[PDB]
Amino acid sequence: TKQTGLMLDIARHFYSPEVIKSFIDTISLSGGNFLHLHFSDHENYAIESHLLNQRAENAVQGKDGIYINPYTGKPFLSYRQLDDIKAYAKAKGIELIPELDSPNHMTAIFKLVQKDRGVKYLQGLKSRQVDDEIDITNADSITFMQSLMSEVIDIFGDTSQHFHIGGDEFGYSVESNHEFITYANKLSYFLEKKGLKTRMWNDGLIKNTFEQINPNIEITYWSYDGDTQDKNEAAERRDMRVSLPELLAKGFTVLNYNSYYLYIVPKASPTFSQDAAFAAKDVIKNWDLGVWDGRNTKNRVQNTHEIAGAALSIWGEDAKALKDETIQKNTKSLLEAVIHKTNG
């Protein structure tokens, strides 16, 4: 009995409350149970915030009801809008899982902090070594993160039993892994005290250190190797990182986010709608819950009872010329397929 749903990247491409509710309808009617809301990344922080001072009252509202931060020029969901989505989700039995990504994938947060609190403040929270990451070793940085987590927790309230702490694609130019264990553990126990379970991307789970991780942290496992196109890098990561079966063997809750079958990156083109349709059929024909390592079937899990669930991820990077509703209508078949194939 599985945890299954949608990860929706609203940081790279914005979606109206109406369209978000349509995604919820699909999840619900297909027998799924969560919406993982990826609202914070480099390009935007897509919800209202007291702490980052992104307020509906400060915004320009479009005819479509969508609030635009006049400094960043980017959209965000108001608290009233989020309360409307929360009520709708809750009545449909769909859990909302917020994702506040760190230590990387957080430039929009930096940019809001800089504007409101100033550049010297912001630089003090950053890694001295890499300019695109929070300093996971700085107590003050941890305190700051936790203050924003508290706000996000307050916003989603009882619609959420899990909070996603991100943890993807960080430290690529540096050695930072040991301190990541410490950082992620601190975040998980802070959430635990708030009555929340932790979700996290698999990227930082390596053989050398993974046994130090809070074994209650729940893993969203997307790729063995970060989908690197460099084959020497792919080989190092596969030797260093933990596999999905290795995690299962240690007792972890793991959801299969397999980027080969379960990531879609919508892009307007003459074949977008056909391609999306085909993706659904491809998952139906060729994907099953035990297939975790991209398209590779040699290491598949035969005992799928151990795999906690799966999600379709709709990523926003390439979707600039597409409307939210076009994306939603065209990915419906694929989202249904992933949910049904996961639940059986």
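Throughout, we count residues from 1 along the sequence that is shown.
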message: Using only C-alpha atoms and the B-factors in the entry, which stretch averages higher, 74-82 or 167-175?
response: 167-175
statement: Comparing 19-27 with 327-335, the higher average Cα temperature factor in the PDB entry belongs to 327-335
- line: One of 283, 51, 312, 35 has the largest Cα B-factor in the entry, namely 283
task: Choose from 92, 117, 197, 105 the residue with the greatest Cα B-factor as stated in the PDB record.
output: 117
- line: Quick tally, chain-level thirds of C-alpha B-factors: residue 317 sits in the middle
- prompt: In terms of the CA temperature factor given in the entry, to which third of its chain does residue 162 belong: lowest, middle or highest?
  reply: lowest
statement: Of the three thirds of the chain ranked by Cα temperature factor, residue 113 occupies the middle
Assigned third (lowest, middle, highest) for the C-alpha B factor of residue 296: highest
- prompt: Among the chain's modelled residues, which third holds the C-alpha B-factor of residue 261?
  reply: middle
